[PDB]
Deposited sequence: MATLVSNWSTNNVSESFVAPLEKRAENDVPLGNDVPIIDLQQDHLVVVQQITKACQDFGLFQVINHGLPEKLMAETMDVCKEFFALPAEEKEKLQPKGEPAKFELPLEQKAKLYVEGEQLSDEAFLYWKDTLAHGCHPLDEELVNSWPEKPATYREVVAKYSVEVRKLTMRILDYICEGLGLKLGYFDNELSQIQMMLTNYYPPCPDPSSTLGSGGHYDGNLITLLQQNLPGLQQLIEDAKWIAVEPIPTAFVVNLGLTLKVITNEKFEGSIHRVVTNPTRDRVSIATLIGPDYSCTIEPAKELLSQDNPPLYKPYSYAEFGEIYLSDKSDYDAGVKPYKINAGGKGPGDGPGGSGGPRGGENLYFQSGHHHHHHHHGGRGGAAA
């Protein structure tokens, strides 16, 4: 279908090499070693994996199971999450009730269905707006949401120590939105022409990604793409464009994409943590000086969000209007 054909320059080459230099960070090393290894990965790559991360492996497996079970539901059930008979778009206002979403660039569509909902804070109103089926989705994903948030806040405090910010710097308005995106990539008859997910930064602060199958790729120097090895019991940590700005580019944001597969489907679980739409984003004043002048002026997260979700002329189109010095 023409609707899914990516522009020639954005098409993935067939043989992308494994990223052997993707850091795999054991969180059960000594505290300072973990801080140093995370700091180095954040400065150099903006993407790393965490293992022995304290989130139950059984819960990771049960969550991947119920997410796969959701995408196996019949059309009559999935229609209940399609407002006015079609998938929702990633556009503001981005509601926290569960919806199925379509995504692309303005023009082609990504070879992807995404279930998305808010996860924080957990109350009856929010969980009652989640999928009704499968029966155990709400029970399992409520537990998963809380555990992934706990691990994310641990990683943000490692990041604080690495940067020389006070512990809890991000335990406020900067992390108040937790969007869980369950991504379904069905088999594609022509992977040479399509993308599961176009190249992007995550616009938010930090993302934890759970995957068990290949398809995730990262952009490194000289327009080189590498493959991010799936470790089913690990989380991939992607630093967002918001953290790039707050660290005044001391940290890299992760530019990543997902390629399609001709033979098998793939489910990934992305937990996108970041600011409320009411937030003002700027480089952390604590880190600035005459030697480290701010590279961004303060901006509205809502204003950024509208650009980020619409303009894909460049990976950092969202923050281009706010660049200074």
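- Absent C-alpha positions map to the deposited sequence ranges 1 to 13, 120 to 123, 343 to 385, in order along the chain.
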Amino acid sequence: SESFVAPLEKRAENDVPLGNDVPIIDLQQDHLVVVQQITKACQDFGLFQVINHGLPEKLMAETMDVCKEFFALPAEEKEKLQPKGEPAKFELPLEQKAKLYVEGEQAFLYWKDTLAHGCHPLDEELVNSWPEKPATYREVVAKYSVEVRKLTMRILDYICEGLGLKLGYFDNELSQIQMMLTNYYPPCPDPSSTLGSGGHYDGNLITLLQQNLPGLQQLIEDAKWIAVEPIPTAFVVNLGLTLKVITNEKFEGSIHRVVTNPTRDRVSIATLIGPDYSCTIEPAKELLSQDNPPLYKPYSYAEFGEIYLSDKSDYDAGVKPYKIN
From here on, numbers count along this sequence of modelled residues.
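- Of the other entries compared for this protein that flank it with modelled residues, all give atoms for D190, so not even a third lack it.
- Notably, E124 is never a gap: all other compared entries of this protein, restricted to those modelling both its neighbours, have coordinates for it, so the one-third criterion is not met.
- Across the two stretches, 151 to 159 and 126 to 134, the PDB entry reports the greater mean Cα temperature factor for 126 to 134.
- Per-stretch averaging of Cα B factors for 273 to 281 and 48 to 56 places 273 to 281 on top.
- Per the deposited record, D222 carries the highest C-alpha B-factor of all listed residues (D202, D222, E103, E79).
- Sorting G240, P83, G215, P191 by the CA temperature factor given in the entry leaves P191 at the top.
- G253: CA B factor in the middle third of modelled residues in this chain (values from the PDB entry).
- Among the modelled residues of its chain, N172 has a C-alpha B-factor that falls in the highest third, as given in the PDB entry.
- Remark: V33 belongs to the middle third of its chain, ranked by C-alpha B-factor as recorded.
- When the modelled residues of the chain are ordered by C-alpha B-factor, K166 sits in the highest third.
- In this PDB entry, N292 carries a Cα temperature factor that places it within the highest third of its chain's modelled residues.
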